[PDB]
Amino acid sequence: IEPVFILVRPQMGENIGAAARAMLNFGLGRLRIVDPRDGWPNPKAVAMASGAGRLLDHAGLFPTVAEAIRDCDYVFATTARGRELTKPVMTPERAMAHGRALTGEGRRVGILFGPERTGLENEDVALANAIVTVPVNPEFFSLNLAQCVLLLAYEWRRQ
């Protein structure tokens, strides 16, 4: 029913908590954490999440991206630009529309988000079905992890 938001190697607990708040603004609650730099549970994530702490309590903790997507039927990978990696590349609008169609059919949808400073590696994206790219100023990109999560959760809710 809900897509799962999957944070890949997040670096700072505060970013994890901020991502969780962004989701919950739009009534989304399914989070997974992959191979976090600072281990887990993370009291800084809990602090920053505040009222969204329950998202963190129920987030699956996974050692690898492959394990985190094993039960997904379709996986989107978010990237700053439309990388040429053999995958289709959709805007958040066209991606979440496809996502809603899949979930309406009873399929499980995952969305990968990379660490704030580097984004996903090509090898992480290789595991996904499709790339999602926010249409951005070619001269300036400044979306942080929570903002990326916010935009996707926002598009999901828009419908």
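Residue indices: 1-based, along the sequence shown.
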query: Mean C-alpha B-factor comparison - 55-63 and 99-107, higher one; finding: 99-107
query: Comparing 133-141 with 14-22, the one whose average Cα B-factor in the PDB entry is higher; finding: 133-141
query: Deposited CA B-factor, highest of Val34, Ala45, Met90, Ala126; finding: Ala45
query: For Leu112, the third of its chain into which the C-alpha B factor falls; finding: lowest
